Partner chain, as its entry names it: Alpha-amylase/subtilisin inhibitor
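Okay, so here's just one chain, in structure tokens, the form solved without its partner chain.
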């Protein structure tokens, strides 16, 4: 039996699927700890930029979980992604510890741009500015990638990097009451929010796990971007980003929420 995680329903992804919008033909790079093969995922390709970690398999779990929020297959098992037909690419930029380097993240962004990705999901952050990260985000954006990044889990009123940079779409986390999760970073640069508390998704070992974080919110938005791109194949990164914001459900102050809760149904009307 397939379960629909609450956040997938909350972003109204099933309604989009009922329109026939699934993310088919849309290339989504997951810049993370890898993606492990799983009965509820299809992985089309990828690359590793972690020294000494040559494979794209996930030695952590984080990247596999993020990937399932984007694209868990629509079937009789497991969970269900926002964009269950998206073409997933495992871009390993974080090691098994859950951390990476600017170098590695930047290389993954460069790979996404050079491989024609439509969306790059960055469920990751660094506390300090990094001109190398800024330039890699700008380069990927120039090449046509929509970069979507987590705001961070410190609870502070400023957001992590690279989310803080203008060309990364910054995603914070909400809870089941549609309030900002306590940990969700906010402030200048926040674009949008999505479910990030008690998010069930795929995990290595052909299993499932529930996690909290802005890392879990981010892939809901990446998946919604894929639905919009399937409907509107001519649209740029910027057009997609703006449409997601314009069709979000306002939750209050933009300082706390950006444009509010992403809404895949509204975004694909």
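Numbering follows the first chain given and starts at 1.
The same protein also exists as the form solved in complex with its partner chain; that form is not shown, yet it is the one meant from here on.
By the criterion of a heavy atom within 4.5 Å, residue 201 is excluded from the residues contacting its partner chain in the entry with it bound. Interface membership of residue 101, defined by any non-hydrogen atom within 4.5 Å of its partner chain in the entry with it bound, is confirmed. Within 4.5 Å of any heavy atom of its partner chain in the entry with it bound lies no heavy atom of residue 195. The shortest heavy atom separation between residue 97 and its partner chain in the entry with it bound is within 4.5 Å. 150 is the sole member of 109, 119, 150, 72 with a non-hydrogen atom within 4.5 Å of its partner chain in the entry with it bound.
124 is the sole member of 124, 90, 137, 146 with a non-hydrogen atom lying within 4.5 angstroms of its partner chain in the entry with it bound. Site residues 13, 64 and 176 are none of them in contact with its partner chain in the entry with it bound, judged by any heavy atom within 4.5 Å.
Contact annotation: its partner chain lies within 4.5 Å of heavy atoms from the stretch 212-220 in the entry with it bound, the single such stretch among 41-49, 236-244, 212-220, 22-30.
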